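Student: based on what follows, work out the 3D shape:
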Amino acid sequence: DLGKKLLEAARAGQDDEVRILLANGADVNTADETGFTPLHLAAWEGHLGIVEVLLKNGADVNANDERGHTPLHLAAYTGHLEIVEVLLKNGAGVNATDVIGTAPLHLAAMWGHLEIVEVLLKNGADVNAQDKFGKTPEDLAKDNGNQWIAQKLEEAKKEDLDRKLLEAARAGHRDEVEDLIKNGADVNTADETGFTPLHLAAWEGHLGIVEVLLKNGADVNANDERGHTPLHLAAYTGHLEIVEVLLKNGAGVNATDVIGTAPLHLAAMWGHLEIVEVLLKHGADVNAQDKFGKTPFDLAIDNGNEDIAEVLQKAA
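Tutor: Numbers count the residues shown, from 1 in each chain. Dropping the coordinates below:
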């Protein structure tokens with residue numbers, strides 16, 4: 001009956017009695033009739049001291065009860081922020097669900113535990129997880145009156161939809177892009193360096209996605225942190241058909257980055273003759289110097305692109 005005495009001590013919060021019982025051979029993973037273990041109970045009542053002890057003595061951080069509740073489900077239910085951080089620390093399942101489909105984030109967002117919510121998200125909690133009733137954490141927050149947590153969850157949702165749109169744009173998944181847009185993703189979002197979905201599509205040469213993004217209000221002249229526009233990226237990677245659509249949709253043909261390089265500079269240095277001819281036809285300044293002083297002609301000569309040098313020398 002050591003199991004009963006360990007369950008009791010864990011619930012009451014008797015730190016020493018927990019150690020005395022474990023030392024005398026108590027099974028750290030015993031369970032009452034419903035399925036709660038010594039860890040479940042210590043997490044339900046908030047005894048951080050016994051939590052750390054039990055984990056250190058071989059407790060299963062992810063034990064389930066009859067209804068599929070885990071220790072993390074409980075600590076998130078009772079608002080004990082310190083215990084949640086430690087359960088995750090030992091490999092607790094941030095997205096473990098119960099028979100109803102409820103995850104810890106459903107619980108921390110239903111009982112107004114702002115800190116626990118942002119801690120769960122940082123560890124990978126899914127804001128779009130739906131329970132058996134079709135409720136996400138954001139739905140339960142609005143049903144109870146936690147409006148700040150609801151906004152935070154909305155923020156994380158848009159943050160996640162934007163990341164997906166950037167990746168879909170890079171990878172060339174026209175279907176995912178168009179659906180992400182129809183779900184409210186910002187076509188103008190930007191990663192840490194300032195690349196928008198239209199930057200990535202032009203860089204990778206996915207013409208179909210360039211067109212879609214532009215038809216949905218994408219900033220054709222958006223600048224990354226280095227001052228590059230999508231046209232800069234299409235010109236130097238050599239995607240002729242994208243350059244034409246970009247220019248047809250308002251692309252500044254004389255945009256300059258932090259180094260003072262225009263698209264013509266990049267097309268001439270990388271040796272894309274057709275794009276050089278198209279840029280000139282659309283108004284590119286043939287004589288433009290970058291901050292170091294080089295013209296596109298000098299860059300073509302530097303790289304042995306004689307055809308390009310000829311065309312630039314004639315347009316000058």
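Student: and for residue 150, the neighbour number?
Tutor: Residue 150 has 20 neighbours, counted by other CB atoms under 10 Å. All C-beta atoms are positioned from the backbone trio N, CA, C, and that covers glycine.
Student: now the helix or strand encompassing it: how far from the chain's centre is it?
Tutor: Applying DSSP states H and E as the criterion places residue 150 in helix 147-171. With CA atoms, centre = their mean, to the nearest Å as the basis, helix 147-171 stands 7 Å off its chain's centre.
Student: what residues of stretch 303-316 count as buried?
Tutor: Judged by neighbour count (16 or more other CB atoms under 10 Å), stretch 303-316 contains these buried residues: 305, 308, 309, 311, 312, 315.
Student: which residue is the nearest non-sequential neighbour of residue 280?
Tutor: Distances taken as CB to CB, 6 or more residues apart in numbering put residue 315 closest to residue 280, at 5.3 Å, once the chain neighbours are dropped.
Student: for that neighbour, give its distance to residue 261.
Tutor: 18 Å (CB to CB, to the nearest Å).
Student: with residue 23 instead?
Tutor: According to CB to CB, residue 23 and residue 261 sit 72 Å apart.
Student: gap between stretch 270-279 and the chain center?
Tutor: So, by CA atoms, centre = their mean, the centroid of stretch 270-279 is 36 Å from its chain's centroid.
Student: which residues are contacting that stretch?
Tutor: With contact meaning CB atoms under 8 Å, 6 or more residues apart in numbering, stretch 270-279 is reached by 234-238, 240, 243-244, 247, 253, 263-264, 267-268, 296, 300, 303, 305, 307-308, 311-312.
Student: buried only: go through the residues you listed for me.
Tutor: Among the contacts of stretch 270-279, those buried by neighbour count (16+ other CB under 10 Å) are 234-238, 240, 243-244, 247, 253, 263-264, 267-268, 296, 300, 305, 308, 311-312.
Student: if we can go back for a sec, who does the helix or strand following the helix holding residue 150 touch, helix- and strand-wise?
Tutor: Per DSSP H and E, the first helix or strand lying C-terminal to helix 147-171 is helix 174-182. Helix 174-182 sits against helix 147-171, helix 207-215, with contacts defined as 3 or more CB pairs under 8 Å, 6 or more residues apart in numbering; DSSP states H and E.
Student: many thanks, I have nothing further to ask.
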